[PDB]
Amino acid sequence: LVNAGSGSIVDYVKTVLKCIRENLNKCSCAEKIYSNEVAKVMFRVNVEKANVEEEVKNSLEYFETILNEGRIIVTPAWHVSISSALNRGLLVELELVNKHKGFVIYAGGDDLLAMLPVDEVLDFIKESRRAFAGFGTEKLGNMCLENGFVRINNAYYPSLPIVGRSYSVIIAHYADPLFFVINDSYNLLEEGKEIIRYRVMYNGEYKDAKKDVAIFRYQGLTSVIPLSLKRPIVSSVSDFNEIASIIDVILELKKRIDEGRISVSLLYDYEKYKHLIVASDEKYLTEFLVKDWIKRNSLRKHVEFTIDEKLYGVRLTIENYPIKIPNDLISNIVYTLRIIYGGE
Amino acid sequence: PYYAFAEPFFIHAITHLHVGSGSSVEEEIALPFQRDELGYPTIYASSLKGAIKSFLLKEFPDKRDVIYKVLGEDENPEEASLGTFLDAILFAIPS
Ligand SMILES: [Mn+2]
């Protein structure tokens, strides 16, 4: 609310909110806020009438309703803005799919149902989840998304940088019956997003979180990759890059495994380090531990690719479902690698 | 006769041999030998087959079709191999 204003008006609204703060008063704090509103009407030369009695009371009553109910009161402009941004993000994702040799079955606004090669699925997931939040570097036709908005030749249309987004991936044999393939895709993307909890901190406190993940499945293997690790998934221009940050790590690691700098034994050798590292309790200890686990399959001479130290302590939970999952994000990273390869 | 021929044989080590273990087991030795279910050293017939086949494909460069038939084609297989290797049991060790 206080940020929604542009101009000296923000002072009035935040001091009203302070009058709403801690059940402070009505009919009483309507002076401090008013000794500025009347100041403002006297700050001009042609004002006609003021019923500040009614007006500041209604202005406080608005925010009081907002907070008591607990939701921004929706007006038609809200709906048409969300829907327009939905369609524009859809236009972005249409050429994001086409950027990765994909075939759209249904891409409409919020959702998506495409078919891509098993090779560029991770790239597409990353770039799509970022473009949904208006954060990208490509021109996608006539549309050049810019850090939370959608620039279209000087037109800055909004985006959905607050809305999370889940992702299901089914690595399927071309002879697999599409009935069960589509049903498994839908049932993962439904069950899992409601049923999984992964560690997140907002306000500096390790809490849980449910949506905005990426589930993978390969004929029995499953993995989940959290996409935000922040509950106001972005609130600054800073956190725009944090989106899908775990995915570029998996992409880099797959970039090392292919070129023959790491051996796929990496994907079968993390279990022994996992006991040590999840009971481990210091940062740089676990840092060196993963560095040397990789440095038994080697990544490089004079190692250069470490895991970015935000990935540890992240524990993924599940509400006791047949979907078995490792309780930690790095084991899920390596299962995502197993699932991607298993389809190549 | 499920099997046409049965060729039991001994494997006398000429030098010291090292068939490595494939395992996520953390052991003391960095590179241990292959172990059977009793912890004795053994040679997985996977390793017997791979090595003996890689050798035969060179000693007898003309009969590569007989070998590819009895021990399976390499890069584009259409059929099951006709020969089977049993895992090598330890039989006697020098002390
Ligand atoms: Mn749903």
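Just so you know, the protein sequences line up as chains K and F, in that order. Heads up, the first sequence is in the deposited numbering, so the first residue is 693 and it goes up one at a time. Heads up, the second sequence is in the deposited numbering, so the first residue is 2 and it goes up one at a time. Ideal Cβ positions, reconstructed from N, Cα and C, are used throughout, including at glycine.
(message) Does any residue of chain F have a CB that is nearer than 8 Å to the CB of K/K966?
(response) no
(message) Taking 8 Å as the threshold (beta carbon to beta carbon), is K/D973 in contact with chain F?
(response) Cβ-Cβ to chain F under 8 Å: no for K/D973.
(message) Strictly below 7 Å CB to CB, what residues from chain K border F/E27?
(response) Result: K964.
(request) Write down every uninterrupted run of the alpha helix (DSSP H) in the stretch 952–992 of chain K whose length is 4 residues or greater and which is fully enclosed by it, in chain order. (result) 962–971, 975–986
(message) Checking 8 Å against the spacing of the C-beta atoms, do K/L959 and K/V1026 come in under that value?
(response) A Cβ-Cβ contact shorter than 8 Å links K/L959 with K/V1026.
(request) Could you give the DSSP three-state label for F/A5: helix, strand or coil? (result) coil
(request) Pair every Cβ in the stretch 838–852 of chain K with every Cβ in the stretch 773–791 of chain K, then say whether three or more of these pairs are closer than 8 Å. (result) yes
(message) I believe K/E979 touches K/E1001 by the beta-carbon criterion, under 8 Å. Please report the beta-carbon distance rounded to the nearest angstrom.
(response) 6 Å
(request) Measure how close the beta-carbons of K/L759 and K/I712 come, nearest whole angstrom, since I'm counting them as under 8 Å. (result) 7 Å
(request) Say yes only if the C-beta of K/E882 is nearer than 7 Å to one or more non-hydrogen atoms of ligand 1, and no if none qualify. (result) Yes, the Cβ of K/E882 comes within 7 Å of a heavy atom of ligand 1.
(message) If you measure between the beta carbons of K/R857 and K/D904, is that distance less than 8 Å?
(response) yes
(message) Measuring straight from C-alpha to C-alpha, what distance separates K/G896 and K/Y1033?
(response) 37 Å
(request) Compare the Cα-Cα distances from F/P78 to each of F/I94, F/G84, F/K70 and report the closest residue. (result) F/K70
(message) Let me see if you follow: with CB-CB separation under 8 Å, is K/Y960 close to chain F or not?
(response) yes
(message) Quick check on this structure: which residue in K/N743, K/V730, K/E883 has the alpha carbon closest to the alpha carbon of K/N1012?
(response) K/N1012 has its Cα closest to that of K/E883, out of K/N743, K/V730, K/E883.
(message) Please tell me whether K/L693 and K/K718 are closer than 8 Å, where the distance is taken between their beta carbons.
(response) no
(request) Could you check what DSSP says for K/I712 in three-state terms: helix, strand or coil? (result) Residue state, collapsed to three classes: helix.
(request) Please determine, among K/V766, K/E787, K/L945, the residue with the shortest C-alpha to C-alpha distance to K/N834. (result) K/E787
(message) Quick check on the burial criterion: 16 or more other C-beta atoms within 10 angstroms. Buried or exposed for K/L1003?
(response) buried
(message) Mapping the DSSP letters down to three states, classify K/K724 as helix, strand or coil.
(response) coil
(message) Could you tell me the alpha carbon to alpha carbon distance between K/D961 and K/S972, rounded to whole angstroms?
(response) 18 Å
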